[PDB]
Every structure is written in C-alpha cells, then in structure tokens.
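Down below is the structure, laid out as structure tokens.
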Amino acid sequence: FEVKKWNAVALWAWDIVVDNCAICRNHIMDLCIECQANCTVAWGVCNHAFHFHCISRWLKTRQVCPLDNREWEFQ
Amino acid sequence: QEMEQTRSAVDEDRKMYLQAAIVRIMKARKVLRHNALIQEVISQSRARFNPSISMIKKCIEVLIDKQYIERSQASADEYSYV
Amino acid sequence: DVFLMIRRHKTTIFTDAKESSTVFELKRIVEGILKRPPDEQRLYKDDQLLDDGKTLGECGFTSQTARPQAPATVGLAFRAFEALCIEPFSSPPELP
Amino acid sequence: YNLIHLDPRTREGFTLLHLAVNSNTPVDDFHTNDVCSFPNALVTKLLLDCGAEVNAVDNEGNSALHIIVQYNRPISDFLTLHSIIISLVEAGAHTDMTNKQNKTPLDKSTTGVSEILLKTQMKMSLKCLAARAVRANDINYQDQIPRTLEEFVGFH
Amino acid sequence: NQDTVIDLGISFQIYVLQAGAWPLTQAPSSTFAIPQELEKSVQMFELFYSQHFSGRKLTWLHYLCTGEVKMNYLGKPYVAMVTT
Amino acid sequence: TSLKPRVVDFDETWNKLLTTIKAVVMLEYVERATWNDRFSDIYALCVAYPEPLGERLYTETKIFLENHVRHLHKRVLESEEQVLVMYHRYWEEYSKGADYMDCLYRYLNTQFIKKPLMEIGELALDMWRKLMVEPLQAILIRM
Amino acid sequence: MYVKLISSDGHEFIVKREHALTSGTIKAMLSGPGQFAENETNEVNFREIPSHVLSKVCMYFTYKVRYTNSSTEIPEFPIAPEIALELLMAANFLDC
Ligand SMILES: [Zn+2]
Ligand SMILES: [Zn+2]
Ligand SMILES: [Zn+2]
C-alpha cells in the first residue's frame, strides 16, 4: 500500500521541557498573576520550573514541590 | 460532550481570570473591604464574562489558602495581602 | 546503521550498511563500486574469513563498535585468493 | 552604518553590538527604562544587517555570542534570546570562539536553554574540531600553519 | 535544494500551527505509528523545520490530517481518501 | 610535500597557472590531474612565506583576464560581419570559463577576497562588462 | 555516486559523492574540467595531504553526513594528538 498525496497538520511549540507554571496555571512566557500588574523563572532539581514569585510564595508556605512530595532545591 | 468540555474550560479560565483580577486589585490597593472588592472585581471583568458572585467569593476564599490575599485581624470583611 | 572501512591494499572504501543485512549486500556494494565480478571479493576481517550468507552484525562488529568516527577495517582480496597485504597508513610526524 | 564602521568600543571593549545583546547594559532610569530594553532582538538584527562585525571581541575576550548565551532570563525572554542567537549565527557568528579564559559559548552559557538553542544552531566543521584539538593539546602551531589560520587557532 | 535528490513520493502539504493559539490538543492517548510510506515525508519535514524554524518541536496531530490512498488489492476502482 | 606554508617561486607556479587558466577560460582540454594539481598551486600561492602571495595572485589574474578580454574584443571587432555570432560564442566560452575560474580560485575567494575586493568569478564578469560589451555596446545594440 | 580521493602516499579512499561534497574544495574539484574524468569514479588527486589525514577527513565526511540533524547528541570526533595540526591544514584546504 502507498499514499499518492498527503495533507497533514502540525502543532509547533517551543522546545523547552517545561510548559506551564503549575501555581498560577499561567504560561511562562508572560508574567505571573502577582506579577501581571506592577519576571524571572526558578527551576528545580526535579525539572520543575515555575515563576520566581510563585516559587517564593510557595516556599514561604511550605518546602514541598507543588506536584510531587520532594524537597524544593534551587539551581 | 465537546460542548460541555468547552463550557467547563470557560469556567476554569473564568476562575483563573477572577483570581488574577483579585490579586491585581489587592496589589493596587493593598486593603479593601469585601463589599468594595466584589464590586471592583465585577467592574474590571465586563468586557469578558459577567461573573457570578459565588464564583468571585469562591476564588477569594481559595486565594486565602494560597496566601495571595489574607483577611485582616480586625474583621473577615477587611482584606490584605501577605 | 554500521559504517565500514573496507580496505584492499591501497584502495580504501567507506561504506554504510544496515545491521539487519547480510555480507551479500556488502559484496554487491564493493563489486558495484570496484567494477569486479561479485565472487572474488573475499573479506579478511581480522585475518579470519566469514561466511557469505551470515549477517554482518553477527560477524563481530556491531553498531556501537563500527561507528562513523572509526569504521571497522575489513580487509579485501581478489582471485588471481591473493595474500592479505593491507598497506598501513602514512606515519604521523613524531609528536605534538 | 556610518557609526558601526567607526568601531565604537566602550572602556570594557564592548562594541556597539555587544551592548545590544547584553543584559547588563545601563538603561537610564528615566523614561528610556520602559521602551529601551536590552538585549534587543531588533536592535541586534538592525546592527547586523547594517554591517556590524558579528565576530567582534571584547577586551575580556567574549564575542557577541558569549554574552547573549549568558542571559539570565531565558524562558521568560525566549523570543529575544531565540531571535538574537538566530540572527548572530546566520549573520556570521562563529559558535566556537574562546575568550581569554579559553571558553566556548557553550562553556560560557549559564543556562540550559541557551545551550539547547546554540547546539541547535551549531554547525560542525572539521576545521573547528582540528583547531580545538590543536589548542587543547598545546601543539605549537606558530610558523607551521597559514597565517590566516593562525588567528583561527587563536580564537579556539 | 538538498544535496541528494529527495524522492518524497508525495505532494506534502502541511499546516504548521501554534500550540497555544489553536484550541487543539493531544488529548487521546493513542500511540498511532506514522505510516512507513509517509514516514520519509514526516522525517524530511522534521529535518526542514529543525533547519529553518529551529528551537521548535512538532507535535503531529494524527486525527486531524487526511490523505488519498492507493487500492492495490480492492480492485483499483478510481481512488478514495480518508484520514490517517 | 604537505600543506605546510612553503616558500614558492611565484614565477614558475604562476606560469603553470597561466597555462591552465588560459586553457580553462578558453574551454580547451586540461587533464583532471592537472586541474587538481593547480588547486594545490592556488593554495600554495595564497599561503606561502614570508609574505602571502594572495594580492599578487589576484592582480596577476586580473591582468590576465584583462588581456584575454581585450584579445576577444579585438577578434570580435575584426569579425565585423559576424560580431553578433562571435560575441555569443565568446560569451558562452567566457561565462563557462569565469565559472570554472571561480571554482579553481575558491581559496582566494573564501580566504583572501572575502577577508574590499571582488571574487574571481565576479572579477571576470566585471572585466567582460568593462572591456568587451561596454566598448562595443553600440554595435551590439544596433545589430 | 562514489568519488575516489587519492592521497599523496598512493592511498585511494573511495567515499560517497554526497559524503565528499560537504567539502568546498572537493565540490570545486568536481565542478569544472575535473568532472570530465567520468568512468563513474570521479577521482581527485590530493598530491598534498598524506594518507592518514585524508582517511580522517573521509571519516569526518561520514561523521558529518551521519550526525547532521543532531536530534539528541553528536559524539566526539577522535582527533589524534599527532594527526592534529596536519588535519587542521587539511580541513582548511578542503574547507570542511
Ligand atoms: Zn512575576
Ligand atoms: Zn506562576
Ligand atoms: Zn518539584
């Protein structure tokens, strides 16, 4: 079997391994909810990248990753 | 089913936008009463959805758990940040 | 994929081949690019002959061994088989 | 073009394009702090297609690419970081240069995203690999290579 | 423009779409394998997209793309086209 | 020998190069071994110690092209009846010759000319423009 | 489709034409009267570079043709300490 002519659709996205800041549920290109009206990105050892303000507030609350039970560590 | 999925995605985006609006207003004011904050949130989001008061109060209740907005020690009507 | 440096005296040949293939394909490639009948090509990989039907992945060199950077040497000979007289490369000039 | 062909270098050696790709470029605290943000993807491209030497060297040794790949806001400012690295590389930047500390732009890349973008745009050549092997092995190349290639080993 | 002559065996027309702009997503967990007769085309387009529009990853949507088929066993009654 | 920068005699190497580039730009036959040897000659001329003979090679090539285009121009003017056919034939020959010259002089174009000046293919086309068509522009246009 | 690369020390390295067109000098040598050799072999006579450096640049032709997309990672190219400064001039001459 073979295909004489084909039509396809592709959803291009940035090659970054992290997609969204899972605190404010905002994309990382724009600013955090605290930061929309008036920012850097904080990574983690567990490949968890979130907004700097969101990470600061979260670590002010507790030293637990928002997704899994791991101790938060800077980069 | 897809219509219901879209009408629930609009609710989720509505909740996120309400939380963002509450945080922005409480960072532009740093203190507001409940009766004024609800009206300010409604007035800010009018080009988009008209938000039901239950949704704004649920968002302002769940932002307390995230400590973005906190109730002042004088009364629960007053609001502040931390 | 597996990359090979098939040597025959001076005439050195760089050939890509697949692991899931036989030395039949290798012989056909070398006779096509050497203009020789496809029966006198006798490979002498590490001085030991190999069967004409067995796959070259089982012959001793794998994909992780005969990488493009350093292809595995496969000596060659033709019927007059001829003695293996693979000439070595030029001597590098002493030390850095 | 008239300015960029005067080779305007600051006191640290930054040419007019090192600053346009530098995060630590002084923007005035007055109303220029809003509109004028550096690094700028449009200023860099304008300088590049107006004739800027993309392989210009800082007095520290860093090229125009050793500075953009040190950018400390990669994911927040991807569009600026992406478009500058695209502009430099396809505008003639040599993505293997070593500064006076003998560090490639990948070595002087304090960011995983910058490393990914540069490795996507890094075109390999045997001249670069051979020059890297000559420099790393401390081979005395003076008076044994083309004079134009002495510089090529020099920035490796 | 490539060095070797590329025999796609296809008239490849694609719609490259922004991930965040379009309301589309890879919600199904289907592990659909790309057909081998057009896997060459998809690999060539992956290479082209990496070459020109670098820094971007492609998440192909296999349930919104259609194409014609060849009926070499059904009896060759003209042609037909369905989705992948 | 090897690719180490030698001290080459410009006269003999340039005479050999003159022979091969005359036979190239005239679309005559040169041995493939000779062509691959004059790549080495070009490299040696563009690298040699104590002074890189790149600018001298460029100037000598420009002078040879000027003389060749002037010779073609004089022959074409001599053939006044078939000026048009002669221009077409010698333009085909000189276009292929300029292409093969930009191929043979790739080291000059990539290492000396681009690092100002103009490449040998561009130089040959410019010499043809300024010495073959521009002088006898009126004859070509009228015919 | 298979070009021959004769070295200075006699050695004749046969590599694919697509492989050996990644070097500007070989692309120029096969563009012109050098293409008029035919015989399907399209040989080039490198009277300058010795056998080991020509072997290394042929292995680099293979290495670059293989790892040109760089989907995940390109493994290091093993330049010997003695072969460098002689492969550097070779890679400059060939414009690799
Ligand atoms: Zn922020
Ligand atoms: Zn956030
Ligand atoms: Zn985590």
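As they're listed, the protein sequences go chains A, B, C, D, E, F and G. For the first sequence, the positions run 22 to 59, 68 to 104 when PDB author numbering is used. Offset between the second sequence (1-based) and PDB author numbering: plus 662. For the third sequence, the positions run 2 to 81, 85 to 100 when PDB author numbering is used. Offset between the fourth sequence (1-based) and PDB author numbering: plus 471. Offset between the fifth sequence (1-based) and PDB author numbering: plus 495. For the sixth sequence, the positions run 1 to 115, 135 to 162 when PDB author numbering is used. Offset between the seventh sequence (1-based) and PDB author numbering: plus 16. In this text, a Cβ means the ideal position worked out from N, Cα and C, and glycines have one as well.
Around the beta carbon of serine 67 (chain G), 16 or more other beta carbons lie within 10 angstroms, which makes this residue buried. Contact between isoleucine 95 (chain G) and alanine 604 (chain D) holds: CB atoms are separated by about 4 Å, below the 8 Å threshold. Bounds of the alpha helix (DSSP H) holding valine 703 (chain B) are 696-706. Chain order gives no chain A residues near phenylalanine 543 (chain E), where near means a beta carbon separation below 7 Å; the closest approach is about 11 Å.
No heavy atom of ligand 3 is found nearer than 6 Å to the CB of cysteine 45 (chain A). Secondary-structure assignment with DSSP links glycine 562 (chain E) through a beta bridge to A:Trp27 and E:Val577. Our two residues, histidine 547 (chain E) and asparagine 85 (chain G), have alpha carbons roughly 12 Å apart in a direct line. With a cut-off of 8 Å on Cβ pairs, the region 692-700 of chain B is not in contact with the region 74-83 of chain A, counting fewer than three such pairs. Of all residues in the region 67-82 of chain G, only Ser67, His68, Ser71, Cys74, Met75, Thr78, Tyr79 and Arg82 place a beta-carbon less than 7 Å from a beta-carbon of chain C. Minimum Cα-Cα distance from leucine 512 (chain E) among the listed residues E:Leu569, E:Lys552 and E:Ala522 corresponds to E:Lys552. Along the region 507-541 of chain D, the alpha helix (DSSP H) occurs as fully enclosed runs of 4 or more residues at 512-520 and 536-539, listed in sequence order. Residue environment analysis places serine 24 (chain G) among the buried positions, since at least 16 neighbouring C-beta atoms fall within 10 angstroms of its C-beta.
The beta-carbon distance between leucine 589 (chain D) and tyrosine 76 (chain G), rounded to whole angstroms, is 21 Å. This is too long to meet the 8 Å contact definition. Under the Cβ criterion of 7 Å, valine 47 (chain F) is counted among the residues facing chain D.
Contact between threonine 38 (chain G) and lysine 80 (chain G) holds, with the beta-carbon distance rounding to 6 Å and staying under 8 Å. The C-alpha of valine 693 (chain B) lies about 12 Å from the C-alpha of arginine 686 (chain B). Only residues of its own chain outside the window of five on either side were considered, and among them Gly140 have a CB closer than 7 Å to the CB of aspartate 99 (chain F), listed in chain order. Excluding five sequence positions before and after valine 83 (chain F), the CB atoms of its chain that fall closer than 8 Å to its own CB belong to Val76, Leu77, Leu155, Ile158, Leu159 and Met162, given in chain order.
Per DSSP, the unbroken beta strand (DSSP E) holding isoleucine 509 (chain E) starts and ends at 507-513. In the DSSP assignment, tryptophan 555 (chain E) falls within the unbroken beta strand (DSSP E) covering 551-556.
Under the Cβ criterion of 7 Å, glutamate 34 (chain G) is counted among the residues facing chain E.
When F:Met146, F:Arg106 and F:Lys114 are compared, the shortest CA-CA separation from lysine 43 (chain G) is found for F:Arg106. The alpha-carbon separation between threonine 499 (chain E) and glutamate 89 (chain G) amounts to approximately 23 Å.
Cβ contact annotation for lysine 571 (chain D) (same chain, cutoff 6 Å, sequence separation greater than five): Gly532, in chain order.
Linking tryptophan 33 (chain A) to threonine 520 (chain E) through their CA atoms gives a straight-line distance of about 11 Å.
Using a CB distance cut-off of 7 Å, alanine 100 (chain G) counts as an interface residue toward chain D. Neighbours of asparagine 85 (chain G) in chain E, taken as residues at a C-beta separation under 7 Å, are given in chain order as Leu542 and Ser545. In this structure, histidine 48 (chain A) has its CB at a distance of at least 6 Å from all heavy atoms of ligand 1.
The C-beta of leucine 35 (chain C) has 16 or more other C-beta atoms within 10 Å across all chains shown, which makes the residue buried. Placement of the Cβ of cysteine 53 (chain A) at a distance of less than 6 Å from at least one heavy atom of ligand 2 is found. The beta strand (DSSP E) runs lying completely inside the region 4-46 of chain C and spanning 3 residues or more are 12-18, given in chain order. Under the three-state reduction of DSSP, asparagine 15 (chain F) is assigned to helix. Rounded to the nearest whole angstrom, the CA to CA distance from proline 39 (chain C) to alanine 87 (chain C) is 19 Å. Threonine 74 (chain C): member of the beta strand (DSSP E) spanning 73-76, first to last residue. Interface criterion met: the Cβ of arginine 46 (chain A) is under 7 Å from a Cβ in chain B.
C-alpha of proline 510 (chain D) to C-alpha of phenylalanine 485 (chain D): approximately 13 Å in a straight line.
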